[PDB]
>>> print(open('model.pdb').read())   # PDB, C-alpha atoms and all ligand atoms
MODEL        1
ATOM      1  CA  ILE A 923       0.000   0.000   0.000  1.00  0.00           C
ATOM      2  CA  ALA A 924       2.926   2.327   0.839  1.00  0.00           C
ATOM      3  CA  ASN A 925       4.905   1.376  -2.316  1.00  0.00           C
ATOM      4  CA  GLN A 926       1.923   1.629  -4.680  1.00  0.00           C
ATOM      5  CA  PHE A 927       1.174   5.001  -2.992  1.00  0.00           C
ATOM      6  CA  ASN A 928       4.833   6.148  -3.391  1.00  0.00           C
ATOM      7  CA  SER A 929       4.801   5.115  -7.083  1.00  0.00           C
ATOM      8  CA  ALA A 930       1.412   6.913  -7.384  1.00  0.00           C
ATOM      9  CA  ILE A 931       2.722  10.185  -5.843  1.00  0.00           C
ATOM     10  CA  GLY A 932       5.791   9.656  -8.074  1.00  0.00           C
ATOM     11  CA  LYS A 933       3.765   9.991 -11.329  1.00  0.00           C
ATOM     12  CA  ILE A 934       1.789  13.039 -10.049  1.00  0.00           C
ATOM     13  CA  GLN A 935       5.094  14.985 -10.075  1.00  0.00           C
ATOM     14  CA  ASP A 936       5.790  13.785 -13.630  1.00  0.00           C
ATOM     15  CA  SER A 937       2.335  14.694 -15.079  1.00  0.00           C
ATOM     16  CA  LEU A 938       2.926  18.338 -14.103  1.00  0.00           C
ATOM     17  CA  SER A 939       6.742  18.295 -14.738  1.00  0.00           C
ATOM     18  CA  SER A 940       6.647  16.618 -18.204  1.00  0.00           C
ATOM     19  CA  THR A 941       3.765  19.084 -19.003  1.00  0.00           C
ATOM     20  CA  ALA A 942       0.608  16.919 -19.582  1.00  0.00           C
ATOM     21  CA  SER A 943      -1.444  20.216 -20.130  1.00  0.00           C
ATOM     22  CA  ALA A 944      -3.816  19.292 -17.200  1.00  0.00           C
ATOM     23  CA  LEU A 945      -3.319  22.754 -15.578  1.00  0.00           C
ATOM     24  CA  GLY A 946      -5.233  23.958 -18.689  1.00  0.00           C
ATOM     25  CA  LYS A 947      -8.313  24.497 -16.433  1.00  0.00           C
ATOM     26  CA  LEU A 948      -6.374  27.321 -14.683  1.00  0.00           C
ATOM     27  CA  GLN A 949      -4.387  28.446 -17.748  1.00  0.00           C
ATOM     28  CA  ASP A 950      -7.540  28.792 -19.878  1.00  0.00           C
ATOM     29  CA  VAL A 951      -9.173  31.166 -17.338  1.00  0.00           C
ATOM     30  CA  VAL A 952      -5.943  33.229 -17.030  1.00  0.00           C
ATOM     31  CA  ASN A 953      -6.046  33.427 -20.868  1.00  0.00           C
ATOM     32  CA  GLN A 954      -9.858  34.000 -21.043  1.00  0.00           C
ATOM     33  CA  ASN A 955      -9.556  36.849 -18.447  1.00  0.00           C
ATOM     34  CA  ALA A 956      -6.535  38.395 -20.230  1.00  0.00           C
ATOM     35  CA  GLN A 957      -8.129  38.242 -23.723  1.00  0.00           C
ATOM     36  CA  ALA A 958     -10.970  40.403 -22.346  1.00  0.00           C
ATOM     37  CA  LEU A 959      -8.601  43.110 -21.004  1.00  0.00           C
ATOM     38  CA  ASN A 960      -6.760  43.076 -24.349  1.00  0.00           C
ATOM     39  CA  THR A 961     -10.144  43.273 -26.205  1.00  0.00           C
ATOM     40  CA  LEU A 962     -11.426  46.108 -23.964  1.00  0.00           C
ATOM     41  CA  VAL A 963      -8.325  48.252 -24.537  1.00  0.00           C
ATOM     42  CA  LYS A 964      -8.031  47.550 -28.294  1.00  0.00           C
ATOM     43  CA  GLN A 965     -11.494  49.024 -29.040  1.00  0.00           C
ATOM     44  CA  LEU A 966     -10.208  52.521 -28.017  1.00  0.00           C
ATOM     45  CA  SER A 967      -8.520  52.479 -31.497  1.00  0.00           C
ATOM     46  CA  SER A 968     -11.978  52.168 -33.191  1.00  0.00           C
ATOM     47  CA  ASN A 969     -13.705  55.269 -34.664  1.00  0.00           C
ATOM     48  CA  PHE A 970     -17.379  54.303 -33.910  1.00  0.00           C
TER
ATOM     49  CA  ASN L 536      10.942  61.108 -13.358  1.00  0.00           C
ATOM     50  CA  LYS L 537       8.081  63.708 -13.212  1.00  0.00           C
ATOM     51  CA  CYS L 538       4.461  63.414 -14.349  1.00  0.00           C
ATOM     52  CA  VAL L 539       4.472  65.481 -17.564  1.00  0.00           C
ATOM     53  CA  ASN L 540       2.335  65.780 -20.637  1.00  0.00           C
ATOM     54  CA  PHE L 541       4.463  65.476 -23.755  1.00  0.00           C
ATOM     55  CA  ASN L 542       4.608  65.868 -27.492  1.00  0.00           C
ATOM     56  CA  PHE L 543       7.508  64.086 -29.278  1.00  0.00           C
ATOM     57  CA  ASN L 544       7.654  64.702 -33.090  1.00  0.00           C
ATOM     58  CA  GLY L 545       3.803  65.187 -33.008  1.00  0.00           C
ATOM     59  CA  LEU L 546       3.212  61.986 -30.947  1.00  0.00           C
ATOM     60  CA  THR L 547       1.268  63.311 -27.928  1.00  0.00           C
ATOM     61  CA  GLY L 548       1.099  61.502 -24.580  1.00  0.00           C
ATOM     62  CA  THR L 549       1.362  61.679 -20.778  1.00  0.00           C
ATOM     63  CA  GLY L 550       3.326  59.917 -18.035  1.00  0.00           C
ATOM     64  CA  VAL L 551       6.579  59.539 -16.147  1.00  0.00           C
ATOM     65  CA  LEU L 552       9.457  59.487 -18.656  1.00  0.00           C
ATOM     66  CA  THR L 553      12.670  57.584 -17.730  1.00  0.00           C
ATOM     67  CA  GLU L 554      15.982  56.204 -19.094  1.00  0.00           C
ATOM     68  CA  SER L 555      15.620  52.851 -20.951  1.00  0.00           C
ATOM     69  CA  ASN L 556      17.768  49.733 -21.312  1.00  0.00           C
ATOM     70  CA  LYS L 557      15.836  48.791 -24.582  1.00  0.00           C
ATOM     71  CA  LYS L 558      17.456  49.194 -28.074  1.00  0.00           C
ATOM     72  CA  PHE L 559      15.330  50.174 -31.091  1.00  0.00           C
ATOM     73  CA  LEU L 560      16.788  49.717 -34.601  1.00  0.00           C
ATOM     74  CA  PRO L 561      17.952  53.017 -36.293  1.00  0.00           C
ATOM     75  CA  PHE L 562      14.598  53.470 -38.133  1.00  0.00           C
ATOM     76  CA  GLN L 563      12.077  52.889 -35.262  1.00  0.00           C
ATOM     77  CA  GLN L 564      11.003  55.947 -33.162  1.00  0.00           C
ATOM     78  CA  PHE L 565       8.081  54.862 -30.923  1.00  0.00           C
ATOM     79  CA  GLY L 566       7.538  51.533 -29.118  1.00  0.00           C
ATOM     80  CA  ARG L 567       4.155  49.838 -28.888  1.00  0.00           C
ATOM     81  CA  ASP L 568       3.318  46.770 -26.724  1.00  0.00           C
ATOM     82  CA  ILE L 569       0.912  43.824 -27.397  1.00  0.00           C
ATOM     83  CA  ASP L 570      -1.968  46.187 -26.398  1.00  0.00           C
ATOM     84  CA  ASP L 571      -0.896  48.588 -29.229  1.00  0.00           C
ATOM     85  CA  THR L 572      -0.179  51.288 -26.571  1.00  0.00           C
ATOM     86  CA  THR L 573       2.839  53.614 -26.710  1.00  0.00           C
ATOM     87  CA  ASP L 574       5.327  52.482 -24.017  1.00  0.00           C
ATOM     88  CA  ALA L 575       8.636  54.071 -25.189  1.00  0.00           C
ATOM     89  CA  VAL L 576      10.026  56.827 -27.502  1.00  0.00           C
ATOM     90  CA  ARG L 577      13.477  57.704 -28.921  1.00  0.00           C
ATOM     91  CA  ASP L 578      14.348  61.297 -28.007  1.00  0.00           C
ATOM     92  CA  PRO L 579      14.880  63.260 -31.305  1.00  0.00           C
ATOM     93  CA  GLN L 580      17.989  65.151 -29.950  1.00  0.00           C
ATOM     94  CA  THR L 581      19.955  62.704 -27.708  1.00  0.00           C
ATOM     95  CA  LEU L 582      18.733  59.720 -29.847  1.00  0.00           C
ATOM     96  CA  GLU L 583      18.240  57.488 -26.786  1.00  0.00           C
TER
HETATM   97  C1  LIG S1001      -0.348  -7.096  -6.136  1.00  0.00           C
HETATM   98  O1  LIG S1001       0.020  -6.058  -7.031  1.00  0.00           O
HETATM   99  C2  LIG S1001       1.272  -5.438  -6.704  1.00  0.00           C
HETATM  100  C3  LIG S1001       1.464  -4.305  -7.686  1.00  0.00           C
HETATM  101  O2  LIG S1001       0.892  -3.095  -7.208  1.00  0.00           O
HETATM  102  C4  LIG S1001       2.393  -6.470  -6.756  1.00  0.00           C
HETATM  103  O3  LIG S1001       3.600  -5.857  -6.317  1.00  0.00           O
HETATM  104  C5  LIG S1001       4.640  -6.149  -7.262  1.00  0.00           C
HETATM  105  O4  LIG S1001       5.175  -7.462  -7.054  1.00  0.00           O
HETATM  106  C6  LIG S1001       6.275  -7.830  -7.995  1.00  0.00           C
HETATM  107  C7  LIG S1001       6.708  -9.281  -7.748  1.00  0.00           C
HETATM  108  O5  LIG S1001       5.596 -10.163  -8.007  1.00  0.00           O
HETATM  109  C8  LIG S1001       7.424  -6.829  -7.799  1.00  0.00           C
HETATM  110  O6  LIG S1001       8.479  -7.076  -8.752  1.00  0.00           O
HETATM  111  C9  LIG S1001       6.921  -5.402  -8.031  1.00  0.00           C
HETATM  112  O7  LIG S1001       8.016  -4.473  -7.800  1.00  0.00           O
HETATM  113  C10 LIG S1001       5.746  -5.110  -7.090  1.00  0.00           C
HETATM  114  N1  LIG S1001       5.212  -3.772  -7.359  1.00  0.00           N
HETATM  115  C11 LIG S1001       5.270  -2.779  -6.476  1.00  0.00           C
HETATM  116  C12 LIG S1001       4.594  -1.460  -6.883  1.00  0.00           C
HETATM  117  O8  LIG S1001       5.836  -2.911  -5.392  1.00  0.00           O
HETATM  118  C13 LIG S1001       2.065  -7.662  -5.865  1.00  0.00           C
HETATM  119  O9  LIG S1001       3.035  -8.688  -6.042  1.00  0.00           O
HETATM  120  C14 LIG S1001       0.682  -8.211  -6.197  1.00  0.00           C
HETATM  121  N2  LIG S1001       0.328  -9.287  -5.285  1.00  0.00           N
HETATM  122  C15 LIG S1001      -0.669 -10.146  -5.522  1.00  0.00           C
HETATM  123  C16 LIG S1001      -0.900 -11.190  -4.471  1.00  0.00           C
HETATM  124  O10 LIG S1001      -1.354 -10.085  -6.539  1.00  0.00           O
HETATM  125  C1  LIG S1002      21.612  68.526 -31.529  1.00  0.00           C
HETATM  126  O1  LIG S1002      22.619  69.357 -30.991  1.00  0.00           O
HETATM  127  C2  LIG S1002      23.227  68.822 -29.807  1.00  0.00           C
HETATM  128  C3  LIG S1002      24.193  69.871 -29.308  1.00  0.00           C
HETATM  129  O2  LIG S1002      24.015  71.107 -29.987  1.00  0.00           O
HETATM  130  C4  LIG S1002      23.900  67.486 -30.115  1.00  0.00           C
HETATM  131  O3  LIG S1002      24.339  66.910 -28.890  1.00  0.00           O
HETATM  132  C5  LIG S1002      25.752  66.646 -28.909  1.00  0.00           C
HETATM  133  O4  LIG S1002      26.043  65.289 -29.259  1.00  0.00           O
HETATM  134  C6  LIG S1002      27.483  64.908 -29.240  1.00  0.00           C
HETATM  135  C7  LIG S1002      27.609  63.443 -29.679  1.00  0.00           C
HETATM  136  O5  LIG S1002      26.777  62.605 -28.848  1.00  0.00           O
HETATM  137  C8  LIG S1002      28.073  65.172 -27.844  1.00  0.00           C
HETATM  138  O6  LIG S1002      29.512  64.980 -27.890  1.00  0.00           O
HETATM  139  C9  LIG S1002      27.787  66.603 -27.366  1.00  0.00           C
HETATM  140  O7  LIG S1002      28.202  66.704 -25.971  1.00  0.00           O
HETATM  141  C10 LIG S1002      26.286  66.942 -27.508  1.00  0.00           C
HETATM  142  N1  LIG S1002      26.038  68.355 -27.213  1.00  0.00           N
HETATM  143  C11 LIG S1002      25.940  68.844 -25.986  1.00  0.00           C
HETATM  144  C12 LIG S1002      25.671  70.357 -25.877  1.00  0.00           C
HETATM  145  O8  LIG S1002      26.094  68.117 -25.004  1.00  0.00           O
HETATM  146  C13 LIG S1002      22.922  66.530 -30.788  1.00  0.00           C
HETATM  147  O9  LIG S1002      23.618  65.379 -31.250  1.00  0.00           O
HETATM  148  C14 LIG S1002      22.224  67.203 -31.967  1.00  0.00           C
HETATM  149  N2  LIG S1002      21.212  66.324 -32.529  1.00  0.00           N
HETATM  150  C15 LIG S1002      21.267  65.854 -33.779  1.00  0.00           C
HETATM  151  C16 LIG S1002      20.140  64.957 -34.195  1.00  0.00           C
HETATM  152  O10 LIG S1002      22.185  66.138 -34.541  1.00  0.00           O
ENDMDL
END
>>> encode(input="model.pdb", output="structure tokens")
Amino acid sequence: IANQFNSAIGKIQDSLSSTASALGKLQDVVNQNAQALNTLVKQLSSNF
Amino acid sequence: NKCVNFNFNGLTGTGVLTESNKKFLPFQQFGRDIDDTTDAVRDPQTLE
């Protein structure tokens, strides 16, 4: 139980470290929030 | 290092001006970021 658990914690480092994209659920909201501040500012260039 | 309004070569803006570590190529005069907002200018007399 300890060794399966140590091998299980072992791969949880690797899934982040080797970049499995799973943090996408945070990244995508950091992107989705930023794209709105970029969009908001960029419209000040428009003549209306 | 003061809040001033400015006009440089007709480009009008406002802010705190300061010395820059950036290096434009000899033909660029005004910097613009991702946002398309004017973050830096070459001075037309010291050329820095
Ligand atoms: C139950 O499964 C575990 C795997 O989680 C087995 O443990 C492995 O046993 C082999 C030898 O048979 C070792 O070479 C491996 O290193 C062991 N794995 C780990 C993670 O330690 C265990 O033998 C199995 N037992 C039964 C009764 O099925
Ligand atoms: C505008 O004139 C000023 C001075 O009249 C020029 O500044 C000089 O530049 C040289 C080379 O960098 C320095 O050795 C001098 O010390 C500067 N002058 C002073 C008074 O310090 C400036 O280069 C001129 N601008 C242009 C575009 O020719």
>>> resolve_selection(input="model.pdb", expression="the PyMOL selection byres (((not hetatm)) within 9 of (chain S and resi 1002))", output="ChimeraX atom specification")
/L:579-582
>>> resolve_selection(input="model.pdb", expression="the PyMOL selection byres (((chain L and resi 539) around 12) and not hetatm)", output="list in words")
residues 536, 537, 538, 540, 541, 542, 547, 548, 549, 550, 551, 552 and 553 of chain L
>>> write_last_selection(input="model.pdb", atoms="C-alpha atoms", output="short mmCIF file (atom, residue, chain, number, x, y, z; two decimals), in the coordinates of the input")
data_model
loop_
_atom_site.label_atom_id
_atom_site.label_comp_id
_atom_site.auth_asym_id
_atom_site.auth_seq_id
_atom_site.Cartn_x
_atom_site.Cartn_y
_atom_site.Cartn_z
CA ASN L 536 10.94 61.11 -13.36
CA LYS L 537 8.08 63.71 -13.21
CA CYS L 538 4.46 63.41 -14.35
CA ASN L 540 2.34 65.78 -20.64
CA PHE L 541 4.46 65.48 -23.76
CA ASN L 542 4.61 65.87 -27.49
CA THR L 547 1.27 63.31 -27.93
CA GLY L 548 1.10 61.50 -24.58
CA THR L 549 1.36 61.68 -20.78
CA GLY L 550 3.33 59.92 -18.04
CA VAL L 551 6.58 59.54 -16.15
CA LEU L 552 9.46 59.49 -18.66
CA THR L 553 12.67 57.58 -17.73
#
>>> residues_near_ligand(input="model.pdb", ligand="ligand LIG 1001 (chain S)", cutoff="10 Å", atoms="only C-alpha atoms and all ligand atoms", output="ChimeraX atom specification")
/A:923-930
>>> residues_around(input="model.pdb", residues="region 948-962 of chain A", least_positions_apart="2", cutoff="12 Å", atoms="all atoms listed in the file", output="list in words")
residues 943, 944, 945, 946, 964, 965, 966, 967 and 968 of chain A; 568, 569, 570, 571 and 572 of chain L
>>> write_last_selection(input="model.pdb", atoms="C-alpha atoms", output="PDB file, keeping the file's coordinate frame")
ATOM      1  CA  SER A 943      -1.444  20.216 -20.130  1.00  0.00           C
ATOM      2  CA  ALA A 944      -3.816  19.292 -17.200  1.00  0.00           C
ATOM      3  CA  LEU A 945      -3.319  22.754 -15.578  1.00  0.00           C
ATOM      4  CA  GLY A 946      -5.233  23.958 -18.689  1.00  0.00           C
ATOM      5  CA  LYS A 964      -8.031  47.550 -28.294  1.00  0.00           C
ATOM      6  CA  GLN A 965     -11.494  49.024 -29.040  1.00  0.00           C
ATOM      7  CA  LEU A 966     -10.208  52.521 -28.017  1.00  0.00           C
ATOM      8  CA  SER A 967      -8.520  52.479 -31.497  1.00  0.00           C
ATOM      9  CA  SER A 968     -11.978  52.168 -33.191  1.00  0.00           C
TER      10      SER A 968
ATOM     11  CA  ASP L 568       3.318  46.770 -26.724  1.00  0.00           C
ATOM     12  CA  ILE L 569       0.912  43.824 -27.397  1.00  0.00           C
ATOM     13  CA  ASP L 570      -1.968  46.187 -26.398  1.00  0.00           C
ATOM     14  CA  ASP L 571      -0.896  48.588 -29.229  1.00  0.00           C
ATOM     15  CA  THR L 572      -0.179  51.288 -26.571  1.00  0.00           C
TER      16      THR L 572
END
>>> resolve_selection(input="model.pdb", expression="the PyMOL selection byres (((chain L and resi 561-563) around 10) and not hetatm)", output="PyMOL selection string")
chain L and resi 558-560+564-566+576-577+582
>>> write_last_selection(input="model.pdb", atoms="C-alpha atoms", output="PDB file, keeping the file's coordinate frame")
ATOM      1  CA  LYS L 558      17.456  49.194 -28.074  1.00  0.00           C
ATOM      2  CA  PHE L 559      15.330  50.174 -31.091  1.00  0.00           C
ATOM      3  CA  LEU L 560      16.788  49.717 -34.601  1.00  0.00           C
ATOM      4  CA  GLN L 564      11.003  55.947 -33.162  1.00  0.00           C
ATOM      5  CA  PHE L 565       8.081  54.862 -30.923  1.00  0.00           C
ATOM      6  CA  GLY L 566       7.538  51.533 -29.118  1.00  0.00           C
ATOM      7  CA  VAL L 576      10.026  56.827 -27.502  1.00  0.00           C
ATOM      8  CA  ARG L 577      13.477  57.704 -28.921  1.00  0.00           C
ATOM      9  CA  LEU L 582      18.733  59.720 -29.847  1.00  0.00           C
TER      10      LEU L 582
END
>>> build_atoms(input="model.pdb", residues="region 544-579 of chain L", atoms="N, CA and C atoms", output="compact mmCIF listing (two decimals), in the coordinates of the input")
# COMPACT_ATOMS: atom_id res chain seq x y z
N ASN L 544 7.82 64.79 -31.63
CA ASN L 544 7.65 64.70 -33.09
C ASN L 544 6.18 64.71 -33.58
N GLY L 545 5.25 65.23 -32.79
CA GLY L 545 3.80 65.19 -33.01
C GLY L 545 3.09 64.10 -32.20
N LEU L 546 3.78 63.01 -31.82
CA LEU L 546 3.21 61.99 -30.95
C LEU L 546 2.96 62.56 -29.55
N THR L 547 1.69 62.69 -29.19
CA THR L 547 1.27 63.31 -27.93
C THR L 547 0.92 62.25 -26.90
N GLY L 548 1.42 62.41 -25.68
CA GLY L 548 1.10 61.50 -24.58
C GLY L 548 1.28 62.13 -23.21
N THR L 549 1.28 61.29 -22.19
CA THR L 549 1.36 61.68 -20.78
C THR L 549 2.04 60.58 -19.98
N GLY L 550 2.80 60.92 -18.95
CA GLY L 550 3.33 59.92 -18.04
C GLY L 550 4.59 60.36 -17.33
N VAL L 551 5.23 59.40 -16.66
CA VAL L 551 6.58 59.54 -16.15
C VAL L 551 7.52 58.98 -17.19
N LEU L 552 8.40 59.83 -17.71
CA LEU L 552 9.46 59.49 -18.66
C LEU L 552 10.69 59.00 -17.89
N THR L 553 11.41 57.99 -18.37
CA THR L 553 12.67 57.58 -17.73
C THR L 553 13.65 56.90 -18.69
N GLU L 554 14.93 56.87 -18.32
CA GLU L 554 15.98 56.20 -19.09
C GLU L 554 15.69 54.70 -19.31
N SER L 555 15.95 54.22 -20.53
CA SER L 555 15.62 52.85 -20.95
C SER L 555 16.85 52.02 -21.28
N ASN L 556 16.82 50.75 -20.87
CA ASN L 556 17.77 49.73 -21.31
C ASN L 556 17.42 49.09 -22.68
N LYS L 557 16.24 49.33 -23.26
CA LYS L 557 15.84 48.79 -24.58
C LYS L 557 16.71 49.35 -25.71
N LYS L 558 16.73 48.71 -26.88
CA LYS L 558 17.46 49.19 -28.07
C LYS L 558 16.61 49.04 -29.34
N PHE L 559 16.01 50.14 -29.79
CA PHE L 559 15.33 50.17 -31.09
C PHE L 559 16.36 50.09 -32.22
N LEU L 560 15.96 49.60 -33.40
CA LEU L 560 16.79 49.72 -34.60
C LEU L 560 16.80 51.18 -35.10
N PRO L 561 17.79 51.62 -35.89
CA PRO L 561 17.95 53.02 -36.29
C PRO L 561 16.75 53.69 -36.95
N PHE L 562 15.79 52.94 -37.47
CA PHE L 562 14.60 53.47 -38.13
C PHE L 562 13.29 53.43 -37.31
N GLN L 563 13.25 52.79 -36.14
CA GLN L 563 12.08 52.89 -35.26
C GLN L 563 12.20 54.09 -34.31
N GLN L 564 11.08 54.69 -33.93
CA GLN L 564 11.00 55.95 -33.16
C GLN L 564 10.11 55.85 -31.93
N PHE L 565 9.06 55.03 -31.99
CA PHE L 565 8.08 54.86 -30.92
C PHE L 565 7.86 53.37 -30.69
N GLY L 566 7.87 52.91 -29.45
CA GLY L 566 7.54 51.53 -29.12
C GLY L 566 6.05 51.39 -28.83
N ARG L 567 5.53 50.21 -29.16
CA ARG L 567 4.16 49.84 -28.89
C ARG L 567 4.18 48.40 -28.36
N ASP L 568 3.41 48.12 -27.30
CA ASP L 568 3.32 46.77 -26.72
C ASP L 568 2.30 45.89 -27.48
N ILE L 569 1.98 44.71 -26.93
CA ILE L 569 0.91 43.82 -27.40
C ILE L 569 -0.42 44.58 -27.51
N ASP L 570 -0.74 45.40 -26.51
CA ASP L 570 -1.97 46.19 -26.40
C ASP L 570 -2.10 47.27 -27.48
N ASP L 571 -1.05 47.49 -28.28
CA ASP L 571 -0.90 48.59 -29.23
C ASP L 571 -0.92 49.97 -28.55
N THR L 572 -0.29 50.06 -27.38
CA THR L 572 -0.18 51.29 -26.57
C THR L 572 1.27 51.73 -26.42
N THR L 573 1.50 53.05 -26.45
CA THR L 573 2.84 53.61 -26.71
C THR L 573 3.69 53.62 -25.45
N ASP L 574 4.60 52.66 -25.28
CA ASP L 574 5.33 52.48 -24.02
C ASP L 574 6.71 53.14 -23.96
N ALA L 575 7.30 53.48 -25.10
CA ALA L 575 8.64 54.07 -25.19
C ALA L 575 8.78 54.97 -26.41
N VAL L 576 9.68 55.95 -26.37
CA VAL L 576 10.03 56.83 -27.50
C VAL L 576 11.53 57.12 -27.52
N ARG L 577 12.14 57.14 -28.71
CA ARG L 577 13.48 57.70 -28.92
C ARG L 577 13.42 59.23 -28.83
N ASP L 578 14.26 59.84 -28.01
CA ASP L 578 14.35 61.30 -28.01
C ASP L 578 15.00 61.82 -29.30
N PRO L 579 14.39 62.78 -30.01
CA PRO L 579 14.88 63.26 -31.30
C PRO L 579 16.11 64.19 -31.24
